[PDB]
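The chain below stands alone, shown as structure tokens; this is the form deposited in one PDB entry.
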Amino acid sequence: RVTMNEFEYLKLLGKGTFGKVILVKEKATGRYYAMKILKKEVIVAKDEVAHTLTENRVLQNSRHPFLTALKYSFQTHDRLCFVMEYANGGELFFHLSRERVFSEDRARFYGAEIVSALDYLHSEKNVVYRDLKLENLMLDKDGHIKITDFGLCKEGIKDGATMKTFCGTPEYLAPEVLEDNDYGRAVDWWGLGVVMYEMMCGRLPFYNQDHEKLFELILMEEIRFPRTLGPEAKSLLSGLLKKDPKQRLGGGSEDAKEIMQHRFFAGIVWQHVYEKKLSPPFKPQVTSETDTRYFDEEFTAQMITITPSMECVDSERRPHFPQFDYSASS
């Protein structure tokens, strides 16, 4: 049975509204993980219960090279804890922010691994990810993609089955989500389009600080590209960012296969992508197992604390979540 005393708390990697992620060491084993610590009360107060449970289930039910592997999930009286493999390479934003733009070859590499993962979720798990934004994309110690944060996922979506919940980050929402009249799995390909656009172009495809104007742009405004962008990259992004999902690349019965067959990915052997046989164009230059150079000093400088028998307490502000007794099979 695993508790918070089983870990040494080393460095704060990030913190937000719902809690924080801390680099930890499991004391018995000497292994290093990223622990995401959610405050139960805040989860409840902002109606994030169903999402947090979906996150837990999807993490437990999935196995893929480019999805974060869950080692443990457990709860205290006021906290939910996810212990996953540490993404040593940091967020894609860390690198994109500083380098402005990724090469087309680098973006192609990251795109391939995202497609591989999303194809797995769609085809094998009947899952639509729904939250494909730059922020959720990280890099492991080797420079391979890790998709994180599965709380917005929709389970049991088979073929052309629809979904209704309006969810996701404003700048990343598909036109059909904004229309609020049902959407399908192709919203994930819209997200691939937005994320690959950021990588290659250095900004969002659509932006306004007023949300209503932003949504007008996403719905109505035709996509434009910096004029340095190659023809194949422009074609893929145009296909991925079609407003009408039925006209969108990956929006048909073939799903991911249509994107896999696109000329931008020519020569890409897709089993080799899965097997990580493609050498990442950027290898993270971490010098130790606790090196956090790819996380903002803003977070890593901060002190770690114990707040910012109760093992059966089930209240309305702090509920006893089910399926938080997980330890990955050795």
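Under this definition, the rigid core comprises the largest set of C-alpha atoms superposing within 1.5 Å between the forms. A residue's number is simply how far along the shown sequence it sits, counting from 1. Residues that one form lacks are left out of the comparison.
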| property | result |
| --- | --- |
| Unmodelled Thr305 in at least one third of other entries with both flanks present | yes |
| Deposited-sequence gap flanked by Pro308 and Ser309 | 4 to 9 |
| Comparing 212 to 220 with 145 to 153, the one whose average Cα B-factor in the PDB entry is higher | 212 to 220 |
| 48 to 56 set against 299 to 307, stretch whose average Cα temperature factor tops the other in the entry | 299 to 307 |
| Most elevated Cα B-factor in the entry, residues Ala161, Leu132, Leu237, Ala186 | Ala161 |
| Candidate set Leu80, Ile114, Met196, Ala87 [ranked by C-alpha B-factor, highest] | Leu80 |
| CA B-factor placement of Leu67, once the chain's modelled residues are sorted into thirds | lowest |
| Lowest, middle or highest third - CA B-factor, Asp140 | lowest |
| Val128 by Cα B-factor - lowest, middle or highest third of the modelled chain | lowest |
| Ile268 by Cα B-factor - lowest, middle or highest third of the modelled chain | middle |
| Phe74 by Cα B-factor - lowest, middle or highest third of the modelled chain | highest |
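Note that the form solved in complex with a partner chain isn't included here; everything after this is about it.
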{"item": "Heavy atom within 4.5 Å of its partner chain in the deposited bound form - residue from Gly168, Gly184, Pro175, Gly239", "value": "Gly168"}
{"item": "Contact residue in the deposited bound form, from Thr228, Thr162, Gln247, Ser97 (heavy atom within 4.5 Å of its partner chain)", "value": "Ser97"}
{"item": "Its partner chain in the deposited bound form: contacting segment from 248 to 256, 104 to 112, 184 to 192, 86 to 94, heavy atom within 4.5 Å", "value": "86 to 94"}
{"item": "Its partner chain contact in the deposited bound form: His144, any heavy atom under 4.5 Å", "value": "no"}
{"item": "4.5 Å heavy atom contact, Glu216 to its partner chain in the deposited bound form", "value": "no"}
{"item": "Contact of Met260 with its partner chain in the deposited bound form (heavy atom, 4.5 Å)", "value": "no"}
{"item": "Exercise: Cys201 in contact with its partner chain in the deposited bound form, heavy atom 4.5 Å", "value": "no"}
{"item": "Site test, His64, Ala233 and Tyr274 vs its partner chain in the deposited bound form, non-hydrogen atom cutoff 4.5 Å", "value": "no"}
{"item": "After core alignment, residue runs (3 or more) whose Cα moves 2 Å or more between the shown form and the other one", "value": "322 to 324"}
